[PDB]
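Okay, structure first, notes after.
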Amino acid sequence: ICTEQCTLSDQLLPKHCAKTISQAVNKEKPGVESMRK
Amino acid sequence: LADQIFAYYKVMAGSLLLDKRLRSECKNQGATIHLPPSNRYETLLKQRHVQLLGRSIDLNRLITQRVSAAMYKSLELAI
Amino acid sequence: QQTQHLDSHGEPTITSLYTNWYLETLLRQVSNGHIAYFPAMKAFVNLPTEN
Ligand SMILES: [Cl-]
């Protein structure tokens, strides 16, 4: 469970926003995994 | 002077705390987040008695008045 | 116990591990001329050397 959560926390780190930065400069989402159908 | 002095140190703060890995990743994607150009305000900030037209001006005191007002506006904005 | 040089079992802690790394790796490479202290960035930064 800790391993699973550590993964979820790692996905919140700033490093993962690089794409979002670039796509806006010259032109999923944490929480989706918790959206239960 | 006060205006650019506050902006200079606000940018410095935001730059000092910006994640390093994110910087490198933005660089590798041709979207480099540019570093703040260094400046030289320290000597101006140290001026306690500027001789002008007979008056003795405390430049430090005047700047502090503006910079202090800038700090409060920043905090007021964030909230 | 992780704040000590050794835990209650005489095993290395993160304190001992990091202490060794910062000295034998990071600071050592500063002396080798590959890294420099940037007071501007409040951090040690890699230099563009042949390393
Ligand atoms: Cl510069």
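Residues are named by chain letter and number: chains run A, B, ... in the order of the structure tokens, numbers start at 1 in each chain, and ligands are numbered from 1 in the order shown.
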
Selection: 10 Å around region 12-26 of chain B, only C-alpha atoms, excl. self and same-chain fewer than 5 positions, as an mmCIF file with N, CA and C atoms, in the first residue's frame:
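Below you can see around.cif, which holds the result:
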```cif
data_model
loop_
_atom_site.group_PDB
_atom_site.id
_atom_site.type_symbol
_atom_site.label_atom_id
_atom_site.label_comp_id
_atom_site.auth_asym_id
_atom_site.auth_seq_id
_atom_site.Cartn_x
_atom_site.Cartn_y
_atom_site.Cartn_z
ATOM 1 N N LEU A 13 4.763 15.486 -8.049
ATOM 2 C CA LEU A 13 6.003 16.249 -8.145
ATOM 3 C C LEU A 13 6.026 17.159 -9.370
ATOM 4 N N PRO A 14 6.653 18.336 -9.231
ATOM 5 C CA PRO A 14 6.724 19.364 -10.276
ATOM 6 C C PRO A 14 7.277 18.846 -11.605
ATOM 7 N N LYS A 15 8.223 17.915 -11.549
ATOM 8 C CA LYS A 15 8.872 17.405 -12.755
ATOM 9 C C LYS A 15 7.881 16.934 -13.821
ATOM 10 N N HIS A 16 6.691 16.522 -13.394
ATOM 11 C CA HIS A 16 5.705 15.956 -14.314
ATOM 12 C C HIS A 16 4.890 17.012 -15.053
ATOM 13 N N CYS A 17 5.134 18.278 -14.734
ATOM 14 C CA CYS A 17 4.386 19.379 -15.330
ATOM 15 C C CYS A 17 5.121 19.987 -16.520
ATOM 16 N N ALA A 18 6.295 19.443 -16.830
ATOM 17 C CA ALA A 18 7.124 19.964 -17.914
ATOM 18 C C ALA A 18 6.352 20.049 -19.229
ATOM 19 N N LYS A 19 5.670 18.964 -19.583
ATOM 20 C CA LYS A 19 4.844 18.929 -20.785
ATOM 21 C C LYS A 19 3.874 20.106 -20.818
ATOM 22 N N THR A 20 3.100 20.255 -19.746
ATOM 23 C CA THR A 20 2.111 21.321 -19.643
ATOM 24 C C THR A 20 2.731 22.695 -19.875
ATOM 25 N N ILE A 21 3.956 22.880 -19.392
ATOM 26 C CA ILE A 21 4.663 24.143 -19.570
ATOM 27 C C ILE A 21 4.966 24.403 -21.042
ATOM 28 N N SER A 22 5.554 23.411 -21.705
ATOM 29 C CA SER A 22 5.940 23.542 -23.108
ATOM 30 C C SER A 22 4.737 23.732 -24.029
ATOM 31 N N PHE B 6 11.735 45.673 -5.510
ATOM 32 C CA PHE B 6 10.835 44.652 -4.995
ATOM 33 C C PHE B 6 10.656 43.536 -6.019
ATOM 34 N N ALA B 7 10.366 43.916 -7.259
ATOM 35 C CA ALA B 7 10.185 42.947 -8.332
ATOM 36 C C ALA B 7 11.423 42.073 -8.489
ATOM 37 N N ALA B 31 11.667 24.689 -23.925
ATOM 38 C CA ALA B 31 10.844 25.666 -23.222
ATOM 39 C C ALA B 31 11.550 26.144 -21.959
ATOM 40 N N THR B 32 12.849 26.403 -22.082
ATOM 41 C CA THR B 32 13.672 26.813 -20.951
ATOM 42 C C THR B 32 13.061 27.968 -20.164
ATOM 43 N N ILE B 33 12.924 27.777 -18.855
ATOM 44 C CA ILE B 33 12.493 28.851 -17.969
ATOM 45 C C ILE B 33 13.709 29.702 -17.631
ATOM 46 N N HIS B 34 13.763 30.903 -18.196
ATOM 47 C CA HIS B 34 14.953 31.741 -18.097
ATOM 48 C C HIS B 34 15.244 32.223 -16.679
ATOM 49 N N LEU B 35 16.526 32.241 -16.334
ATOM 50 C CA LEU B 35 16.980 32.710 -15.032
ATOM 51 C C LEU B 35 16.879 34.229 -14.951
ATOM 52 N N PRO B 36 16.737 34.760 -13.730
ATOM 53 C CA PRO B 36 16.681 36.211 -13.536
ATOM 54 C C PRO B 36 18.063 36.836 -13.672
ATOM 55 N N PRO B 37 18.178 37.906 -14.473
ATOM 56 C CA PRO B 37 19.446 38.635 -14.575
ATOM 57 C C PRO B 37 19.814 39.251 -13.229
ATOM 58 N N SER B 38 21.058 39.065 -12.801
ATOM 59 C CA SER B 38 21.532 39.642 -11.548
ATOM 60 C C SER B 38 21.636 41.162 -11.651
ATOM 61 N N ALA C 40 24.237 32.972 -6.101
ATOM 62 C CA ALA C 40 23.101 33.530 -6.827
ATOM 63 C C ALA C 40 21.907 32.581 -6.803
ATOM 64 N N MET C 41 22.191 31.282 -6.810
ATOM 65 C CA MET C 41 21.146 30.266 -6.810
ATOM 66 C C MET C 41 21.039 29.564 -5.459
ATOM 67 N N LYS C 42 21.897 29.956 -4.520
ATOM 68 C CA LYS C 42 21.926 29.336 -3.200
ATOM 69 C C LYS C 42 22.042 27.822 -3.330
ATOM 70 N N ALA C 43 22.973 27.380 -4.169
ATOM 71 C CA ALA C 43 23.140 25.959 -4.447
ATOM 72 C C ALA C 43 24.445 25.688 -5.180
#
```

Quick one: everything within 12 Å of residue 5 (chain B), counting only C-alpha atoms, minus sequence neighbours fewer than 6 positions away in the same chain. Send it as a PyMOL selection string.
-> chain B and resi 11-12+38-42+44-45+60+63-64+66-68+70-71

Keeping only N, CA, C and O atoms, write the selected residues as a short mmCIF file (atom, residue, chain, number, x, y, z; two decimals), in the first residue's frame.
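Wrote part03.cif, looks like this:
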```cif
data_model
loop_
_atom_site.label_atom_id
_atom_site.label_comp_id
_atom_site.auth_asym_id
_atom_site.auth_seq_id
_atom_site.Cartn_x
_atom_site.Cartn_y
_atom_site.Cartn_z
N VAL B 11 11.21 38.02 -7.86
CA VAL B 11 11.63 37.09 -8.91
C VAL B 11 12.75 36.18 -8.41
O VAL B 11 12.76 34.98 -8.68
N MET B 12 13.69 36.76 -7.67
CA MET B 12 14.77 35.98 -7.08
C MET B 12 14.23 34.88 -6.18
O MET B 12 14.68 33.74 -6.23
N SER B 38 21.06 39.07 -12.80
CA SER B 38 21.53 39.64 -11.55
C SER B 38 21.64 41.16 -11.65
O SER B 38 21.83 41.71 -12.74
N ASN B 39 21.50 41.85 -10.52
CA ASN B 39 21.60 43.30 -10.49
C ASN B 39 22.40 43.81 -9.29
O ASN B 39 22.89 43.02 -8.48
N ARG B 40 22.53 45.13 -9.18
CA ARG B 40 23.35 45.74 -8.12
C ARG B 40 22.62 46.86 -7.39
O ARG B 40 22.86 48.04 -7.66
N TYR B 41 21.74 46.50 -6.47
CA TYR B 41 20.95 47.49 -5.73
C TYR B 41 21.47 47.73 -4.32
O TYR B 41 21.09 48.70 -3.67
N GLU B 42 22.34 46.84 -3.84
CA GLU B 42 22.82 46.91 -2.45
C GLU B 42 23.35 48.29 -2.03
O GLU B 42 23.02 48.77 -0.95
N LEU B 44 22.69 51.24 -3.29
CA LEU B 44 21.57 52.17 -3.23
C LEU B 44 20.76 51.96 -1.95
O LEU B 44 20.34 52.92 -1.30
N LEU B 45 20.54 50.70 -1.60
CA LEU B 45 19.77 50.34 -0.42
C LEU B 45 20.49 50.74 0.87
O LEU B 45 19.88 50.78 1.94
N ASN B 60 17.28 54.84 2.02
CA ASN B 60 16.89 53.56 2.59
C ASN B 60 15.50 53.61 3.22
O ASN B 60 14.69 52.70 3.04
N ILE B 63 12.72 53.87 0.46
CA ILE B 63 12.54 52.60 -0.25
C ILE B 63 11.79 51.61 0.62
O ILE B 63 10.89 50.91 0.15
N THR B 64 12.15 51.55 1.90
CA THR B 64 11.50 50.65 2.84
C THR B 64 9.99 50.91 2.90
O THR B 64 9.19 49.97 2.95
N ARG B 66 8.05 52.00 0.52
CA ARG B 66 7.43 51.44 -0.68
C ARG B 66 7.47 49.91 -0.68
O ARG B 66 6.46 49.26 -0.96
N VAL B 67 8.63 49.35 -0.36
CA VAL B 67 8.80 47.90 -0.35
C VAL B 67 7.89 47.24 0.68
O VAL B 67 7.33 46.17 0.42
N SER B 68 7.74 47.87 1.83
CA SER B 68 6.84 47.37 2.87
C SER B 68 5.41 47.33 2.35
O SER B 68 4.69 46.36 2.58
N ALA B 70 4.58 47.00 -0.65
CA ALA B 70 4.54 45.97 -1.69
C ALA B 70 4.36 44.58 -1.07
O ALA B 70 3.63 43.75 -1.60
N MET B 71 5.03 44.35 0.06
CA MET B 71 4.90 43.10 0.78
C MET B 71 3.45 42.86 1.21
O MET B 71 2.93 41.75 1.07
#
```

Residue list (strand (DSSP E or B), DSSP) for chain C, as a PyMOL selection string = chain C and resi 6+12+35-38+43-46

May I have the residues from that selection written out with N, CA and C atoms, as a CSV table (one decimal), in the first residue's frame?
```
chain,number,residue,atom,x,y,z
C,6,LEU,N,24.6,5.6,13.6
C,6,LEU,CA,24.2,4.2,13.5
C,6,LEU,C,22.9,4.0,14.3
C,12,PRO,N,23.9,1.4,9.4
C,12,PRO,CA,24.0,2.8,8.8
C,12,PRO,C,22.6,3.4,8.7
C,35,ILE,N,32.3,21.2,-10.3
C,35,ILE,CA,31.1,21.9,-9.6
C,35,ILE,C,31.5,23.2,-8.9
C,36,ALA,N,30.6,24.1,-8.9
C,36,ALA,CA,30.9,25.4,-8.3
C,36,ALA,C,29.7,25.9,-7.5
C,37,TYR,N,30.0,26.6,-6.4
C,37,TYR,CA,28.9,27.2,-5.6
C,37,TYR,C,28.4,28.5,-6.2
C,38,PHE,N,27.1,28.5,-6.4
C,38,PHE,CA,26.4,29.7,-6.9
C,38,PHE,C,25.6,30.4,-5.8
C,43,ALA,N,23.0,27.4,-4.2
C,43,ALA,CA,23.1,26.0,-4.4
C,43,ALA,C,24.4,25.7,-5.2
C,44,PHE,N,24.9,24.4,-5.2
C,44,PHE,CA,26.0,24.0,-6.0
C,44,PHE,C,25.5,23.6,-7.3
C,45,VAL,N,26.2,24.0,-8.4
C,45,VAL,CA,25.8,23.8,-9.7
C,45,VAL,C,26.9,23.1,-10.6
C,46,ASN,N,26.6,22.2,-11.4
C,46,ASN,CA,27.6,21.6,-12.3
C,46,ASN,C,28.2,22.5,-13.3
```

Skip residue 31 (chain A) itself and residues of its chain fewer than 3 positions away, then list as number ranges by chain all residues within 12 Å of it, counting only C-alpha atoms.
-> A: 8-9, 11-12, 28, 34-36

Dump as a CSV table (one decimal), in the first residue's frame, selection limited to N, CA and C atoms:
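What ended up in out.csv:
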```
chain,number,residue,atom,x,y,z
A,8,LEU,N,1.7,7.5,-6.1
A,8,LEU,CA,0.7,8.6,-6.3
A,8,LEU,C,1.3,9.9,-5.9
A,9,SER,N,2.1,9.9,-4.8
A,9,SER,CA,2.8,11.1,-4.4
A,9,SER,C,3.8,11.6,-5.4
A,11,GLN,N,3.6,11.3,-8.5
A,11,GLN,CA,2.9,11.9,-9.6
A,11,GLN,C,2.6,13.3,-9.4
A,12,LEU,N,2.7,13.8,-8.2
A,12,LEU,CA,2.4,15.2,-7.8
A,12,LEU,C,3.6,16.1,-8.0
A,28,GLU,N,-2.8,12.7,-18.3
A,28,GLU,CA,-4.0,12.8,-17.5
A,28,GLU,C,-3.9,13.7,-16.3
A,34,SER,N,-8.9,7.8,-8.6
A,34,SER,CA,-9.8,7.8,-7.5
A,34,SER,C,-11.3,7.9,-7.9
A,35,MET,N,-11.5,8.3,-9.2
A,35,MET,CA,-12.8,8.5,-9.7
A,35,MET,C,-13.5,7.1,-10.0
A,36,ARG,N,-14.2,6.6,-9.1
A,36,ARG,CA,-14.8,5.2,-9.2
A,36,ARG,C,-16.1,5.2,-9.9
```

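Pairwise distance (CA of residue 1 (chain B), atom 1 (Cl, counted along the ligand's line) of ligand 1) equals 19.4 Å.
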